[PDB]
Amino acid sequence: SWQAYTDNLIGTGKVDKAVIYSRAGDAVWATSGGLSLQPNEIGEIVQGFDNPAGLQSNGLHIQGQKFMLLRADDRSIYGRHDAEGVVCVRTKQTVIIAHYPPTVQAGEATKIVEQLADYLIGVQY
């Protein structure tokens, strides 16, 4: 029930679009809110987790829009565009990408997504 996860996220109103990809980014397991990445965007993100410098350059792009790279490590990648942003987290088997709108505080959206990641990881996913 991967779809329930993305529905749960946007249902809170803290995230308006969320997608769950396989760790490799070769398949979409769930999507809610209508998030649709550009042809090479998921690749940049997936690669970014192992090599942030890569992202740092050209930048992080989601649905065409560029986002400042606020953070990038082995498990988390945070995107920023003023009041709006994106949260990318990698678990044992997935890559979760969520977007929060301007009226939502970045911190609240981030907490909700990181907690999903913590749960999944602790349960082997």
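Numbers for residues come from their place in the sequence shown, where the first is 1.
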Per the record, averaged over C-alpha atoms, which has the higher B-factor: 56-64 or 43-51?
56-64
Compare the CA B factors listed in the entry for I96, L35, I77, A83 and report the winner.
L35
Modelled-residue ranking by C-alpha temperature factor, third containing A30
lowest
Within this chain, which third does the Cα B-factor at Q124 fall in: lowest, middle or highest?
lowest
Of the three thirds of Cα B-factor ranks in this chain, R90 occupies the lowest
Cα B factor band for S1 (lowest, middle or highest third within the chain):
highest
